[PDB]
file run_36.txt (compact mmCIF, C-alpha atoms)
# COMPACT_ATOMS: atom_id res chain seq x y z
CA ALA A 1 21.36 -10.37 -3.80
CA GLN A 2 19.15 -10.51 -6.87
CA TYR A 3 18.25 -14.16 -6.47
CA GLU A 4 17.55 -14.90 -2.79
CA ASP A 5 16.79 -18.22 -1.11
CA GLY A 6 13.18 -18.02 0.08
CA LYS A 7 12.33 -15.57 -2.70
CA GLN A 8 12.43 -16.98 -6.26
CA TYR A 9 13.29 -20.37 -4.90
CA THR A 10 13.64 -22.31 -1.66
CA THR A 11 16.38 -24.72 -0.65
CA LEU A 12 15.62 -28.29 0.37
CA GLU A 13 16.56 -28.99 3.98
CA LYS A 14 17.04 -32.55 2.79
CA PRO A 15 18.80 -32.54 -0.59
CA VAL A 16 18.07 -35.46 -2.91
CA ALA A 17 21.14 -37.21 -4.33
CA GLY A 18 21.23 -38.54 -7.91
CA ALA A 19 18.10 -36.55 -8.77
CA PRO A 20 17.29 -35.47 -12.33
CA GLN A 21 18.81 -32.10 -13.18
CA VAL A 22 15.51 -30.36 -13.93
CA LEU A 23 12.53 -32.17 -12.40
CA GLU A 24 8.98 -30.94 -12.93
CA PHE A 25 5.84 -32.36 -11.23
CA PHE A 26 2.27 -31.89 -12.39
CA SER A 27 -1.27 -33.28 -12.37
CA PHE A 28 -3.86 -33.18 -15.14
CA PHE A 29 -6.28 -32.16 -12.33
CA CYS A 30 -4.11 -29.21 -11.35
CA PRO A 31 -5.47 -25.84 -12.55
CA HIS A 32 -2.12 -23.95 -12.43
CA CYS A 33 -0.59 -26.89 -14.27
CA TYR A 34 -3.06 -26.37 -17.11
CA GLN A 35 -1.99 -22.72 -17.30
CA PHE A 36 1.71 -23.73 -17.11
CA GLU A 37 1.26 -26.03 -20.08
CA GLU A 38 -1.22 -24.29 -22.38
CA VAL A 39 -0.91 -20.56 -21.64
CA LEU A 40 2.66 -20.13 -20.31
CA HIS A 41 4.50 -23.08 -21.91
CA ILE A 42 6.85 -23.15 -18.91
CA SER A 43 8.59 -26.43 -19.73
CA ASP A 44 9.29 -25.19 -23.19
CA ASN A 45 10.69 -21.81 -22.24
CA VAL A 46 12.83 -23.34 -19.52
CA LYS A 47 14.32 -25.75 -22.06
CA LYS A 48 15.11 -22.87 -24.43
CA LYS A 49 17.27 -21.25 -21.76
CA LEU A 50 18.87 -24.33 -20.29
CA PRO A 51 22.58 -24.93 -21.05
CA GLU A 52 23.67 -27.69 -23.39
CA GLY A 53 23.77 -31.14 -21.82
CA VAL A 54 21.06 -30.70 -19.20
CA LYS A 55 18.10 -33.07 -19.43
CA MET A 56 14.55 -32.29 -18.48
CA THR A 57 12.17 -34.60 -16.60
CA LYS A 58 8.41 -34.34 -16.05
CA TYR A 59 6.35 -36.59 -13.80
CA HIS A 60 2.64 -36.91 -12.96
CA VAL A 61 1.45 -37.22 -9.35
CA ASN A 62 -1.20 -39.31 -7.56
CA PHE A 63 -2.44 -36.98 -4.83
CA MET A 64 -5.13 -35.26 -6.93
CA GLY A 65 -8.28 -36.82 -8.36
CA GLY A 66 -8.28 -40.07 -6.41
CA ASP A 67 -8.62 -43.19 -8.53
CA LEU A 68 -8.46 -41.26 -11.79
CA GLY A 69 -5.36 -39.51 -10.52
CA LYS A 70 -3.54 -42.84 -10.37
CA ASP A 71 -4.81 -43.92 -13.79
CA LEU A 72 -3.41 -40.67 -15.13
CA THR A 73 0.02 -41.35 -13.54
CA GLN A 74 0.01 -44.77 -15.23
CA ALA A 75 -1.14 -43.17 -18.52
CA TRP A 76 1.68 -40.66 -18.26
CA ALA A 77 4.06 -43.63 -17.76
CA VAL A 78 2.61 -45.04 -21.02
CA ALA A 79 3.14 -41.71 -22.78
CA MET A 80 6.82 -41.59 -21.60
CA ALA A 81 7.47 -45.19 -22.63
CA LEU A 82 5.97 -44.64 -26.10
CA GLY A 83 7.42 -41.14 -26.40
CA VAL A 84 4.07 -39.57 -27.21
CA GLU A 85 4.00 -36.88 -24.49
CA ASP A 86 3.71 -34.11 -27.01
CA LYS A 87 0.62 -35.66 -28.57
CA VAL A 88 -1.47 -36.45 -25.49
CA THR A 89 -0.66 -33.65 -23.05
CA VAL A 90 -3.06 -31.08 -24.44
CA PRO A 91 -6.08 -33.43 -24.95
CA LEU A 92 -5.58 -34.92 -21.48
CA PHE A 93 -5.59 -31.48 -19.85
CA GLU A 94 -8.63 -30.40 -21.85
CA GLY A 95 -10.39 -33.73 -21.32
CA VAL A 96 -10.00 -33.42 -17.56
CA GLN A 97 -10.43 -29.66 -16.99
CA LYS A 98 -12.13 -28.12 -20.05
CA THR A 99 -14.61 -30.56 -21.59
CA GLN A 100 -14.66 -32.93 -18.61
CA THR A 101 -15.00 -35.90 -20.89
CA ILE A 102 -12.36 -37.91 -19.03
CA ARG A 103 -14.05 -39.89 -16.26
CA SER A 104 -12.55 -43.35 -16.53
CA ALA A 105 -9.44 -45.21 -17.59
CA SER A 106 -11.27 -45.98 -20.84
CA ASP A 107 -11.71 -42.25 -21.52
CA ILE A 108 -8.00 -41.69 -20.95
CA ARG A 109 -7.35 -44.49 -23.43
CA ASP A 110 -9.65 -42.82 -26.04
CA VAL A 111 -7.38 -39.76 -25.96
CA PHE A 112 -4.38 -41.90 -26.96
CA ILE A 113 -6.41 -43.69 -29.70
CA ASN A 114 -7.51 -40.33 -31.13
CA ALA A 115 -3.92 -39.12 -31.11
CA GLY A 116 -3.09 -42.14 -33.24
CA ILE A 117 -1.53 -44.63 -30.81
CA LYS A 118 -2.87 -48.07 -31.67
CA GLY A 119 -5.15 -49.84 -29.21
CA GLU A 120 -3.00 -52.93 -29.01
CA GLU A 121 0.16 -50.85 -28.51
CA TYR A 122 -1.51 -48.80 -25.79
CA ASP A 123 -2.91 -51.79 -23.92
CA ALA A 124 0.40 -53.63 -24.20
CA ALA A 125 2.24 -50.62 -22.75
CA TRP A 126 -0.44 -50.04 -20.06
CA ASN A 127 0.05 -53.60 -18.79
CA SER A 128 3.85 -53.75 -19.13
CA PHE A 129 6.37 -54.06 -16.28
CA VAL A 130 8.37 -51.32 -17.99
CA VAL A 131 5.37 -49.05 -17.38
CA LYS A 132 5.05 -50.40 -13.82
CA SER A 133 8.63 -49.33 -13.06
CA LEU A 134 8.06 -45.96 -14.78
CA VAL A 135 5.10 -45.45 -12.38
CA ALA A 136 7.42 -46.49 -9.53
CA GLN A 137 9.95 -43.85 -10.59
CA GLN A 138 7.30 -41.11 -10.66
CA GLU A 139 6.15 -42.04 -7.18
CA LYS A 140 9.68 -42.30 -5.77
CA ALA A 141 10.79 -38.92 -7.16
CA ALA A 142 7.77 -37.21 -5.56
CA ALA A 143 8.26 -39.13 -2.31
CA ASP A 144 11.92 -38.06 -2.16
CA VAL A 145 10.89 -34.40 -1.88
CA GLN A 146 7.80 -35.05 0.24
CA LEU A 147 5.64 -33.40 -2.41
CA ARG A 148 2.24 -32.00 -1.43
CA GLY A 149 1.74 -29.46 -4.21
CA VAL A 150 1.89 -29.01 -7.96
CA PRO A 151 3.07 -27.47 -10.23
CA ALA A 152 6.55 -27.90 -8.78
CA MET A 153 10.02 -27.79 -10.20
CA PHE A 154 13.24 -28.91 -8.54
CA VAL A 155 16.75 -28.17 -9.73
CA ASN A 156 19.53 -30.77 -9.13
CA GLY A 157 17.59 -32.23 -6.27
CA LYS A 158 18.33 -29.24 -4.03
CA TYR A 159 16.41 -26.13 -5.16
CA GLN A 160 12.65 -25.71 -5.59
CA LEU A 161 11.15 -22.96 -7.75
CA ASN A 162 8.95 -20.49 -5.92
CA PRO A 163 6.57 -18.79 -8.42
CA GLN A 164 4.62 -17.08 -5.60
CA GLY A 165 7.58 -14.68 -5.48
CA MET A 166 7.44 -13.45 -9.11
CA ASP A 167 5.36 -10.61 -10.68
CA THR A 168 2.23 -11.99 -12.39
CA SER A 169 1.03 -8.72 -13.95
CA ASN A 170 2.53 -9.82 -17.24
CA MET A 171 2.47 -13.47 -18.24
CA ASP A 172 5.55 -13.20 -20.51
CA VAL A 173 7.64 -11.47 -17.86
CA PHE A 174 6.60 -14.17 -15.38
CA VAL A 175 7.71 -16.96 -17.68
CA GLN A 176 11.09 -15.37 -18.41
CA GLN A 177 11.71 -14.76 -14.71
CA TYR A 178 10.83 -18.38 -14.03
CA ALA A 179 13.10 -19.68 -16.80
CA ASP A 180 15.96 -17.35 -15.89
CA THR A 181 15.66 -18.56 -12.32
CA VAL A 182 15.97 -22.19 -13.42
CA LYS A 183 19.10 -21.27 -15.44
CA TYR A 184 20.62 -19.43 -12.49
CA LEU A 185 19.92 -22.39 -10.21
CA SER A 186 21.28 -24.74 -12.85
CA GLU A 187 24.60 -22.87 -12.95
CA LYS A 188 24.82 -22.66 -9.16
call {"tool": "encode", "arguments": {"input": "run_36.txt", "output": "structure tokens"}}
result
Amino acid sequence: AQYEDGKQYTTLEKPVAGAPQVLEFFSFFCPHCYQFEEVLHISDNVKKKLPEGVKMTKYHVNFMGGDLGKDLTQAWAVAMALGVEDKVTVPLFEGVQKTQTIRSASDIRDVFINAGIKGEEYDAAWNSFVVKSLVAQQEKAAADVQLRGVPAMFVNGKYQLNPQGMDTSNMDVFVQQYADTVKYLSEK
């Protein structure tokens, strides 16, 4: 066929019921994730090709960057709760990988302050049980698919994107192939 299991995607031996339709995992410590966000805009191009009605979910993971990795999963929970993902994603990536000015929870917090979230609102979110359960959800979703690598994308809890099997000579062609594959899997 044109799309083949084990080629542009793999199938989960252990499908995950009730999973989000399009589920993306990343880490701010993850170098391909930085590319995916800032150079390729994967999430965005996937959304542009997804059917009407399908919702898109993105979670941070703990298994990179030790203690700071967990702070970043909690900070991402804060971003989701406040709905400020689109204002902190770039400075978090650049703070961790480019300028390396993020070294502590307080540095993560500075990024939110600079993006205009108020201190009191940030600290209130950070400490909230709603954020605690949002962290729980991020962990559980990754646990459900026994996740050991990022970036990763899963469609309907049964298919996992496999970018290793796509031409990388052209970055645009790569992105469209990726997005088209998500759409195909979505319609499966």
call {"tool": "atom_distance", "arguments": {"input": "run_36.txt", "atom1": "atom CA of residue 70 of chain A", "atom2": "atom CA of residue 126 of chain A"}}
result
12.5 Å
call {"tool": "closest_residue", "arguments": {"input": "run_36.txt", "among": "A:89, A:164, A:156, A:100", "to": "residue 33 of chain A", "atoms": "only C-alpha atoms"}}
result
A:89
call {"tool": "atom_distance", "arguments": {"input": "run_36.txt", "atom1": "atom CA of residue 182 of chain A", "atom2": "atom CA of residue 161 of chain A"}}
result
7.5 Å
call {"tool": "atom_distance", "arguments": {"input": "run_36.txt", "atom1": "atom CA of residue 98 of chain A", "atom2": "atom CA of residue 58 of chain A"}}
result
21.8 Å
call {"tool": "closest_residue", "arguments": {"input": "run_36.txt", "among": "A:151, A:20, A:157, A:91", "to": "residue 35 of chain A", "atoms": "all atoms listed in the file"}}
result
A:151
call {"tool": "residues_around", "arguments": {"input": "run_36.txt", "residues": "segment 45-52 of chain A", "least_positions_apart": "4", "cutoff": "7 Å", "atoms": "all atoms listed in the file", "output": "list in words"}}
result
residues 41, 179, 182 and 183 of chain A
call {"tool": "write_last_selection", "arguments": {"input": "run_36.txt", "atoms": "C-alpha atoms", "output": "mmCIF file, in the coordinates of the input"}}
result
data_model
loop_
_atom_site.group_PDB
_atom_site.id
_atom_site.type_symbol
_atom_site.label_atom_id
_atom_site.label_comp_id
_atom_site.auth_asym_id
_atom_site.auth_seq_id
_atom_site.Cartn_x
_atom_site.Cartn_y
_atom_site.Cartn_z
ATOM 1 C CA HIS A 41 4.500 -23.080 -21.910
ATOM 2 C CA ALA A 179 13.100 -19.680 -16.800
ATOM 3 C CA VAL A 182 15.970 -22.190 -13.420
ATOM 4 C CA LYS A 183 19.100 -21.270 -15.440
#
call {"tool": "residues_around", "arguments": {"input": "run_36.txt", "residues": "residue 77 of chain A", "least_positions_apart": "3", "cutoff": "9 Å", "atoms": "only C-alpha atoms", "output": "list in words"}}
result
residues 59, 60, 72, 73, 74, 80, 81, 82, 125, 126, 130, 131, 132, 133, 134, 135 and 138 of chain A
call {"tool": "write_last_selection", "arguments": {"input": "run_36.txt", "atoms": "C-alpha atoms", "output": "mmCIF file, in the frame of the given file"}}
result
data_model
loop_
_atom_site.group_PDB
_atom_site.id
_atom_site.type_symbol
_atom_site.label_atom_id
_atom_site.label_comp_id
_atom_site.auth_asym_id
_atom_site.auth_seq_id
_atom_site.Cartn_x
_atom_site.Cartn_y
_atom_site.Cartn_z
ATOM 1 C CA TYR A 59 6.350 -36.590 -13.800
ATOM 2 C CA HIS A 60 2.640 -36.910 -12.960
ATOM 3 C CA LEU A 72 -3.410 -40.670 -15.130
ATOM 4 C CA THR A 73 0.020 -41.350 -13.540
ATOM 5 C CA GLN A 74 0.010 -44.770 -15.230
ATOM 6 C CA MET A 80 6.820 -41.590 -21.600
ATOM 7 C CA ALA A 81 7.470 -45.190 -22.630
ATOM 8 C CA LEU A 82 5.970 -44.640 -26.100
ATOM 9 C CA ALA A 125 2.240 -50.620 -22.750
ATOM 10 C CA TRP A 126 -0.440 -50.040 -20.060
ATOM 11 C CA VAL A 130 8.370 -51.320 -17.990
ATOM 12 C CA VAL A 131 5.370 -49.050 -17.380
ATOM 13 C CA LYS A 132 5.050 -50.400 -13.820
ATOM 14 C CA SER A 133 8.630 -49.330 -13.060
ATOM 15 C CA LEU A 134 8.060 -45.960 -14.780
ATOM 16 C CA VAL A 135 5.100 -45.450 -12.380
ATOM 17 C CA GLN A 138 7.300 -41.110 -10.660
#
call {"tool": "closest_residue", "arguments": {"input": "run_36.txt", "among": "A:29, A:4, A:172, A:40", "to": "residue 95 of chain A", "atoms": "all atoms listed in the file"}}
result
A:29
call {"tool": "residues_near_point", "arguments": {"input": "run_36.txt", "point": "(20.2, -10.8, -7.7)", "cutoff": "12 Å", "atoms": "all atoms listed in the file", "output": "list in words"}}
result
residues 1, 2, 3, 4, 5, 7, 8, 177, 180, 181, 184 and 185 of chain A
call {"tool": "closest_residue", "arguments": {"input": "run_36.txt", "among": "A:16, A:84, A:22, A:175", "to": "residue 117 of chain A", "atoms": "all atoms listed in the file"}}
result
A:84
call {"tool": "residues_around", "arguments": {"input": "run_36.txt", "residues": "residue 107 of chain A", "least_positions_apart": "6", "cutoff": "10 Å", "atoms": "all atoms listed in the file", "output": "number ranges by chain"}}
result
A: 92, 95-96, 101, 113
call {"tool": "closest_residue", "arguments": {"input": "run_36.txt", "among": "A:76, A:154, A:26, A:34", "to": "residue 122 of chain A", "atoms": "only C-alpha atoms"}}
result
A:76
call {"tool": "build_atoms", "arguments": {"input": "run_36.txt", "residues": "segment 137-153 of chain A", "atoms": "N, CA, C and O atoms", "output": "short mmCIF file (atom, residue, chain, number, x, y, z; two decimals), keeping the file's coordinate frame"}}
result
data_model
loop_
_atom_site.label_atom_id
_atom_site.label_comp_id
_atom_site.auth_asym_id
_atom_site.auth_seq_id
_atom_site.Cartn_x
_atom_site.Cartn_y
_atom_site.Cartn_z
N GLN A 137 8.99 -44.96 -10.56
CA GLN A 137 9.95 -43.85 -10.59
C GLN A 137 9.26 -42.52 -10.30
O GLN A 137 9.84 -41.65 -9.61
N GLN A 138 8.07 -42.34 -10.87
CA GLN A 138 7.30 -41.11 -10.66
C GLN A 138 6.93 -40.98 -9.20
O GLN A 138 7.06 -39.90 -8.62
N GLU A 139 6.47 -42.06 -8.60
CA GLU A 139 6.15 -42.04 -7.18
C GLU A 139 7.38 -41.78 -6.30
O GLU A 139 7.35 -40.94 -5.37
N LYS A 140 8.48 -42.47 -6.59
CA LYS A 140 9.68 -42.30 -5.77
C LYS A 140 10.25 -40.88 -5.84
O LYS A 140 10.64 -40.32 -4.81
N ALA A 141 10.29 -40.29 -7.03
CA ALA A 141 10.79 -38.92 -7.16
C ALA A 141 9.96 -37.93 -6.33
O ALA A 141 10.51 -37.06 -5.65
N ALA A 142 8.64 -38.09 -6.33
CA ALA A 142 7.77 -37.21 -5.56
C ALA A 142 7.91 -37.47 -4.06
O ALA A 142 7.92 -36.54 -3.25
N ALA A 143 8.02 -38.74 -3.70
CA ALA A 143 8.26 -39.13 -2.31
C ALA A 143 9.55 -38.54 -1.76
O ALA A 143 9.58 -38.07 -0.62
N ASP A 144 10.62 -38.57 -2.56
CA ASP A 144 11.92 -38.06 -2.16
C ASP A 144 11.88 -36.60 -1.71
O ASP A 144 12.68 -36.20 -0.86
N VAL A 145 10.96 -35.81 -2.24
CA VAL A 145 10.89 -34.40 -1.88
C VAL A 145 9.63 -34.10 -1.07
O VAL A 145 9.23 -32.95 -0.92
N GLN A 146 9.02 -35.16 -0.55
CA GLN A 146 7.80 -35.05 0.24
C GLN A 146 6.84 -34.03 -0.37
O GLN A 146 6.54 -32.99 0.23
N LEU A 147 6.39 -34.33 -1.59
CA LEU A 147 5.64 -33.40 -2.41
C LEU A 147 4.15 -33.35 -2.08
O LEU A 147 3.44 -34.36 -2.19
N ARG A 148 3.66 -32.16 -1.72
CA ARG A 148 2.24 -32.00 -1.43
C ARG A 148 1.59 -30.95 -2.34
O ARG A 148 0.38 -30.67 -2.22
N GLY A 149 2.36 -30.39 -3.27
CA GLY A 149 1.74 -29.46 -4.21
C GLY A 149 2.33 -29.45 -5.60
O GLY A 149 3.53 -29.68 -5.80
N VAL A 150 1.47 -29.18 -6.58
CA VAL A 150 1.89 -29.01 -7.96
C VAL A 150 1.27 -27.72 -8.48
O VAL A 150 0.27 -27.27 -7.94
N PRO A 151 1.85 -27.11 -9.52
CA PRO A 151 3.07 -27.47 -10.23
C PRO A 151 4.28 -27.28 -9.33
O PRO A 151 4.24 -26.45 -8.42
N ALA A 152 5.33 -28.04 -9.57
CA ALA A 152 6.55 -27.90 -8.78
C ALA A 152 7.68 -28.20 -9.70
O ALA A 152 7.56 -29.00 -10.62
N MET A 153 8.80 -27.53 -9.46
CA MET A 153 10.02 -27.79 -10.20
C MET A 153 11.18 -27.80 -9.23
O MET A 153 11.25 -26.96 -8.32
#
